[PDB]
There are 2 protein chains.
Amino acid sequence: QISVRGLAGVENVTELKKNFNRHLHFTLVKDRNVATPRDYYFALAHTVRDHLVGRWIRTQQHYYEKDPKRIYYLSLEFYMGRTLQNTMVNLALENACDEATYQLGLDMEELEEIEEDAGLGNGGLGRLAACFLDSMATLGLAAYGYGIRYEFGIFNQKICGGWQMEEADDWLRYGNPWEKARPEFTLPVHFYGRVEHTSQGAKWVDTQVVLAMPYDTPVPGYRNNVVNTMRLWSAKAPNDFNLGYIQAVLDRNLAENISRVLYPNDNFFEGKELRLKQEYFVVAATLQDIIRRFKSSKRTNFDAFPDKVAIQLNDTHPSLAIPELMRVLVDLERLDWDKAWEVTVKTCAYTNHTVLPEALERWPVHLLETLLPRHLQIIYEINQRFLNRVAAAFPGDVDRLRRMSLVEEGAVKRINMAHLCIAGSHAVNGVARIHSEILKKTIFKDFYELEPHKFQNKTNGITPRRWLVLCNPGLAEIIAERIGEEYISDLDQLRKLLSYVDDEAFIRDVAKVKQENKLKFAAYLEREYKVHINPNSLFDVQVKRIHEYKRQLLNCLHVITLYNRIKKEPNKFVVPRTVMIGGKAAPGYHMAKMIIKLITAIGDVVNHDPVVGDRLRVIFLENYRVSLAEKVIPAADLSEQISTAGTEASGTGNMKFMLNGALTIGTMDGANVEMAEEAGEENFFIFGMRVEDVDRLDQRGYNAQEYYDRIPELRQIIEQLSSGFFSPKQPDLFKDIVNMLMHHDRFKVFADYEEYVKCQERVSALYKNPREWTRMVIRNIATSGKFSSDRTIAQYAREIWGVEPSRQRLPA
Amino acid sequence: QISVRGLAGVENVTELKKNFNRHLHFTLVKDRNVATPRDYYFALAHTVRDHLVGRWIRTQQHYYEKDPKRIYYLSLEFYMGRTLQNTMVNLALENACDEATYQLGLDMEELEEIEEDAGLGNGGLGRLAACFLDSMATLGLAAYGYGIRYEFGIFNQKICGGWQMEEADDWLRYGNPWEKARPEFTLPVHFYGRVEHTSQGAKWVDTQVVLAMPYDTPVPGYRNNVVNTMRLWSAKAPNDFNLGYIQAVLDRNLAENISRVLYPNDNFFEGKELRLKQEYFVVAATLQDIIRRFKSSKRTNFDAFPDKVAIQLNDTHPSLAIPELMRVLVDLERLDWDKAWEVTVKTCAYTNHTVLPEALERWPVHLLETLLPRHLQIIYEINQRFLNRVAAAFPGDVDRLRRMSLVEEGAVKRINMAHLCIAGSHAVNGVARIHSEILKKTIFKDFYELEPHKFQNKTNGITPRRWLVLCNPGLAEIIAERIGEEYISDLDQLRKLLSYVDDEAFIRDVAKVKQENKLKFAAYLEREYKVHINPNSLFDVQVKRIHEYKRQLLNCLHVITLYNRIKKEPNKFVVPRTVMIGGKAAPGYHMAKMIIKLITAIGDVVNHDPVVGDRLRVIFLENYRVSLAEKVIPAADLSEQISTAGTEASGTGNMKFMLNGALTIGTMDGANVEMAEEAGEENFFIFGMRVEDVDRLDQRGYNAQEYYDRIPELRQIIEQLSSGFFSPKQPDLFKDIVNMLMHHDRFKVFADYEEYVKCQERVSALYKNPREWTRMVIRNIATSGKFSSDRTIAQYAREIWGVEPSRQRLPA
Ligand SMILES: O=c1[nH]c(=O)n([C@@H]2O[C@H](CO)[C@@H](O)[C@H](F)[C@H]2O)cc1F
Ligand SMILES: O=c1[nH]c(=O)n([C@@H]2O[C@H](CO)[C@@H](O)[C@H](F)[C@H]2O)cc1F
């Protein structure tokens with residue numbers, strides 16, 4: 001049908017149909033008379049998987065023969081979404097499978113909807129890991145993603161009576177055709193116990209043992225025949241575990257609970273023992289596997305270890321890799337401390353994802369003492385040696401010594417895991433230019449002064465395979481018609497589109513693709529949720545995890561302003577909008593749960609007011625996840641990126657909207673700054689305080705009452721919330737929200753309100769002129785190239801890992 | 001190589017090799033360079049499984065079209081063992097696969113050893129269910145086995161310091177290629193709650209829900225292209241289960257624990273709540289599935305239900321089927337009580353497996369009250385109506401009323417599940433002629449008097465596929481050479497062998513096959529256990545679960561007698577023996593654990609005494625299970641079947657030894673009586689008290705001291721045990737054993753000692769004359785035909801289920 005989806009050759013289609021029928025019969029044990037759409041999905045998945053196998057085997061054979069430096073990406077989260085379409089895209093099989101299934105009397109898009117998301121992450125950090133795996137394979141790097149195979153991923157969100165309810169994400173119920181269990185590579189992991197000192201060093205004894213069983217999932221590169229591996233560990237009890245008899249067998253669950261469930265917190269640290277066990281479990285199994293592969297490659301020369309191994313730490317979650325590597329090298333391999341430390345530093349690098357104090361991992365010493373006694377001792381020794389260096393560099397500066405210590409003093413002694421990561425890594429990076437600068441100026445200032453060479457920036461990116469070709473084939477096609485297909489793995493080529501900004505045909509085509517996407521999404525909503533929207537309205541979208549810093553509340557204030565203005569002048573023309581907000585709240589985060597209730601409560605009033613009509617709709621998008629992002633992002637006109645300046649490290653949702661033809665309303669925060677720089681400030685809707693303005697306000701003290709007193713429209717909204725206008729049956733329902741905004745608002749919602757509302761007026765003004773709206777859109781798409789994760793990964797490769805990317809094809 | 005293993009045609013072999021390589025590549029994702037023997041096993045298993053699929057699909061299609069009466073065999077145990085070789089035998093693929101793997105450079109027998117036993121049973125009762133499934137498929141019956149998919153089967157037994165240790169049987173660790181998950185047929189099961197009475201009958205409300213997910217395993221018939229189904233249920237929590245958040249997800253384990261582990265008790269009732277949950281879980285899911293299939297076949301006519309459905313209860317474990325069927329028919333389908341009861345009685349039949357009082361299920365009322373409140377009410381109503389019938393038949397007989405009641409009075413009120421099964425079944429059977437007679441004379445006398453027509457006998461049997469063709473191909477072949485292959489599904493044809501009892505060639509061939517089997521087994525022991533035996537000795541074998549009634553202790557007394565006699569006259573000739581005892585003890589059964597220690601302790605003394613040499617060896621066979629039975633039984637010369645008369649209902653191990661060329665030393669107990677009747681008493685080594693003799697001794701009182709006083713050789717053994725001869729470091733180790741034998745022996749070990757020892761002398765006498773030993777063996781094999789489970793199943797089919805067996809082939 002469309003060019004970018006590849007060839008549908010007679011031979012290919014014939015073979016696909018044949019193998020589909022083989023799998024339905026032999027694999028699924030069904031015939032066409034009893035088969036359901038789910039059976040058909042699985043028959044297709046197995047058929048496509050078969051095409052990965054040969055390439056997967058020979059890629060791994062190639063790495064053994066060539067013996068390149070290996071890259072190990074350690075993460076507690078891999079937010080993968082669905083795999084079927086992504087695999088077809090990367091293998092150039094989409095059109096062929098579409099034809100084959102069509103000839104069998106099946107709709108492929110209907111089959112695609114059956115696959116469960118692999119929802120093994122919370123949001124930005126987890127999705128970054130997924131985009132990174134795609135780019136590393138596309139760039140021919142010998143890379144492995146290592147994580148945990150959670151039996152339950154991020155919860156499914158149901159909205160009941162306007163409230164979030166959580167349901168278990170039982171994603172493995174029907175099986176996972178993509179993974180391959182590798183019980184033969186099972187490894188032991190140790191917990192608890194005690195440390196014994198012998199004539200020949202320390203020994204960690206009397207431990208409890210949990211087995212780590214790996215499951216491997218293929219990661220295909222874009223049309224280069226490279227297939228890399230994501231290896232996820234599952235927890236298993238040993239067979240003599242607890243071994244009255246019945247209870248001992250039932251108690252195996254205690255060991256296996258380690259890999260049971262993903263902690264559903266986003267940008268928030270919870271110091272629970274089970275989470276610490278998860279962090280060590282992934283680190284211990286992964287490091288053993290790395291060392292095994294290093295020894296088996298081509299007495300043991302660990303001096304060359306950093307030449308053949310790079311370990312990237314995604315946040316501090318796998319920070320225990322640092323003392324674990326020291327433990328293995330010193331206690332087991334018998335290297336001297338100084339040599340082991342040199343190897344460790346040159347091997348490890350650390351990526352920071354936030355500056356919010358509540359997100360920083362600070363583990364109580366008493367927890368580490370009980371669970372990991374040898375690691376605590378190693379951490380104390382690292383700290384002593386590090387502080388000896390600080391004292392030599394800054395003699396007499398006693399406060400610097402306490403500020404920089406890995407051990408924090410107080411009520412409970414804690415270990416600062418970020419301090420550990422900086423000390424034990426050769427590179428530390430932030431994830432956008434402004435964020436990386438904030439790190440050097442504020443929270444890691446002391447460390448930057450000691451070791452300036454360690455600090456880098458690597459601006460985040462997204463993969464243009466999932467986030468353009470897959471989710472928006474209509475846009476991919478009209479671009480390819482003009483500039484060819486090379487841009488899919490070289491996104492900077494989108495700049496060529498600048499020469500079409502005055503092209504009347506292109507303008508019409510860009511706008512046509514957006515309309516079609518909006519129609520399709522408007523239909524999706526009616527079918528699956530019985531919600532009814534006007535597809536001719538401006539689609540105003542804010543999708544991301546619910547958090548006070550992201551300021552969904554500022555969006556709510558604007559929505560109520562628009563409603564109040566309509567009620568004041570009902571017969572005045574306004575540009576129609578559909579305001580869509582979606583995202584999950586952490587189950588324990590009360591204020592985020594209250595914000596969801598507020599959004600639905602506003603919808604309850606606005607959507608049923610006869611005077612409003614179809615001029616304003618407010619919709620909460622339930623169960624926001626990767627597969628939903630792929631649907632809504634291509635349909636969006638306006639992307640809301642409105643975090644308080646200095647709080648969103650980078651953002652990546654922002655980049656997805658830019659690539660897909662939405663304009664951005666945003667603060668100068670995270671990557672928004674670089675996006676505006678690339679496109680031109682005149683092609684962005686920037687408003688509000690800059691970081692420096694927030695700093696000034698903090699200095700004199702933020703007083704929300706001042707804004708309430710001086711802005712009549714703001715006062716009206718607060719009075720409506722307080723008096724029960726949006727909750728008639730429970731007048732005081734939103735008291736906590738009002739109290740927070742008036743007395744305890746860390747994120748200064750009122751301070752950006754006036755400029756936000758005015759900027760929104762400018763958006764509505766431009767939308768009234770379709771031609772100029774679309775020309776600005778083209779200027780955004782054309783300059784989105786920098787935000788490909790291929791660019792990001794090439795920078796990590798050259799500046800941190802010391803490896804060269806390759807666009808060269810492996811033989812098919 | 002050998003005829004009975006089928007053809008190895010060029011086309012077949014070529015295709016098998018091709019598919020083996022396909023599975024290694026696509027299914028296992030390996031090449032020949034990295035593959036292990038386990039990978040090769042799996043590639044073969046998938047290749048063989050592929051051959052089952054077409055036949056499995058069309059068998060189930062055939063039953064839908066023909067709509068025959070369906071047979072449902074309900075059991076908490078299916079002791080299946082390994083599946084690979086059994087499947088090859090039944091499909092006639094053994095020689096072809098042997099050739100194909102040979103050409104690939106692999107040894108098939110080595111690959112077969114990799115498969116884990118499906119050890120989903122304890123012993124005789126569970127293995128009977130497995131043999132029954134094989135026979136039902138071979139006889140073309142539309143039969144389904146229904147049970148629980150335990151994640152952990154019967155524990156693996158390790159012997160440490162002479163003691164039993166238990167390890168978890170993690171049989172699913174590497175996957176199970178034979179099963180197919182069917183999550184689409186998942187069904188809810190209800191627990192707890194309360195009963196509400198409405199205008200329209202009772203309602204069971206406020207329940208907890210557990211999901212039952214089925215897994216289907218194919219059951220191939222012998223070369224008839226029939227493939228039946230064994231459907232095993234797995235427990236799953238619903239997704240809103242318990243739905244702070246983390247704990248709610250972790251607590252799912254509580255629901256899923258229902259299918260976690262097999263209770264390891266053999267002939268012993270333990271009244272634990274979890275076991276009751278297992279029993280209802282299998283019954284509730286199974287009955288819903290049966291009713292669904294009945295409604296979907298060809299408003300709803302339940303009068304015809306018993307014409308299309310038979311439910312066989314394997315012991316009382318699934319007895320809740322009776323009140324569950326009443327519940328569904330009365331509460332849900334709204335039938336009147338009397339009609340529902342008629343349907344229930346005509347549908348259900350019950351098989352009793354023991355008369356030992358400690359094995360009988362008597363559930364406390366308080367347990368049923370809390371867990372299954374509606375079932376308790378239904379049971380009370382069944383009891384009231386049943387007792388009203390008894391009162392009408394036997395007016396004034398008040399003690400009969402209390403004896404026959406389903407409710408037992410006392411300290412704790414209990415429900416007698418055997419009484420429930422008799423009341424609610426149209427047929428009740430024992431499992432050997434003597435057992436069935438004991439039921440009518442003793443424990444069920446009252447019930448027999450009320451309803452004599454209900455009581456039947458169905459003597460147990462074993463499948464000649466697993467228990468001859470599979471485990472003893474050498475014997476199968478020499479038989480086939482003379483009488484053809486038809487006997488494999490018509491075992492009565494073995495009678496033709498009586499005309500070869502004087503055939504010098506046949507005599508030599510029978511003895512040659514035994515020697516080879518013994519050599520192979522003697523080698524297996526050295527390889528896997530480093531134990532060294534003389535293959536020219538008489539192989540004296542007792543393998544079965546460890547229990548006081550089975551009298552492994554009587555065997556021990558004989559062994560010590562032989563040792564003492566040798567020590568008394570060292571230079572006298574004795575027929576050399578290897579005495580082998582194996583079997584598992586229930587983890588909580590102290591006396592059985594002590595018996596295992598005694599056996600190893602005797603071995604410790606006997607096997608290291610230089611004066612004994614290789615004339616006497618005592619070996620404990622570790623981890624006795626189905627796969628081990630297949631190895632040892634063909635190697636045995638003497639089969640020990642020495643339970644106290646009246647205690648072993650039938651036995652089936654006895655039949656396996658008879659078929660495989662061992663002679664039997666035994667009491668007139670269970671099926672031993674019918675075996676001796678078939679072969680002729682002169683061709684059996686019968687000794688000891690008959691049932692009537694045990695009864696007489698009980699009347700005057702059993703006094704063990706009398707035997708100790710009158711038998712000097714017995715006195716010597718007891719003094720050796722007491723004084724610490726067999727435990728020098730712990731002199732009083734066996735005090736409990738001596739005390740039991742002297743003061744509290746329910747099974748009268750001393751009373752059979754003299755006759756047992758004398759009978760053993762007659763065995764040794766015959767073994768000295770190889771030719772006459774072998775002629776007696778031929779007379780046993782030739783008359784083993786009655787003990788085929790094909791005969792047993794044909795009797796169930798005609799006399800209980802009302803269906804006709806068929807040897808007719810389905811199209812391939
Ligand atoms: O716990 C966190 N969970 C999360 O999604 N993040 C996010 O990481 C993304 C990838 O770098 C960035 O784009 C965002 F700015 C950041 O908020 C940060 C966290 F600390
Ligand atoms: O719990 C029991 N577990 C068991 O193996 N059985 C056995 O059942 C076999 C099959 O009928 C018979 O051959 C045996 F006589 C009997 O002991 C009886 C039980 F009650």
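Order of appearance sets the numbers: ligands from 1, and atoms from 1 within every ligand. Per chain, numbering begins at 1; letters A, B, ... match sequence-line order.
Applying the ring-ring contact (aromatic ring centres under 6.0 Å, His included) criterion to B/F155, with sequence neighbours excluded, gives A/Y245. Not counting sequence neighbours, A/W467 has no partner by the side-chain hydrogen bond (donor to acceptor under 3.5 Å, both in side chains) test. The side-chain hydrogen bond (donor to acceptor under 3.5 Å, both in side chains) check on B/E361 picks up B/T316, with sequence neighbours excluded.
Summarising the geometry, atom CD belonging to B/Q641 is positioned 8.5 Å from atom OG1 belonging to B/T667; distances are rounded to the nearest 0.5 Å. From B/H435, atom NE2 reaches atom CG of B/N460 across 8.5 Å, with rounding to the nearest 0.5 Å.
Residues A/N654 and A/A671 come closest through the heavy atom pair OD1-CB, 4.0 Å.
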Between the protein and ligand 2, which nitrogen or oxygen pairs come in under 3.5 Å, and how far apart is each?
from: ligand 2; atom 1: 1 (O); to: B/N267; atom 2: N; distance (Å): 2.9
from: ligand 2; atom 1: 3 (N); to: B/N267; atom 2: ND2; distance (Å): 3.4
from: ligand 2; atom 1: 5 (O); to: B/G124; atom 2: N; distance (Å): 3.1
from: ligand 2; atom 1: 5 (O); to: B/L125; atom 2: N; distance (Å): 3.0
from: ligand 2; atom 1: 5 (O); to: B/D266; atom 2: OD1; distance (Å): 3.3
from: ligand 2; atom 1: 6 (N); to: B/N267; atom 2: ND2; distance (Å): 3.4
from: ligand 2; atom 1: 11 (O); to: B/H353; atom 2: ND1; distance (Å): 2.7
from: ligand 2; atom 1: 11 (O); to: B/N460; atom 2: OD1; distance (Å): 2.8
from: ligand 2; atom 1: 13 (O); to: B/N460; atom 2: OD1; distance (Å): 3.4
from: ligand 2; atom 1: 13 (O); to: B/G651; atom 2: N; distance (Å): 2.8
from: ligand 2; atom 1: 17 (O); to: B/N267; atom 2: ND2; distance (Å): 3.3
from: ligand 2; atom 1: 17 (O); to: B/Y549; atom 2: OH; distance (Å): 3.1
from: ligand 2; atom 1: 17 (O); to: B/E648; atom 2: OE2; distance (Å): 2.8

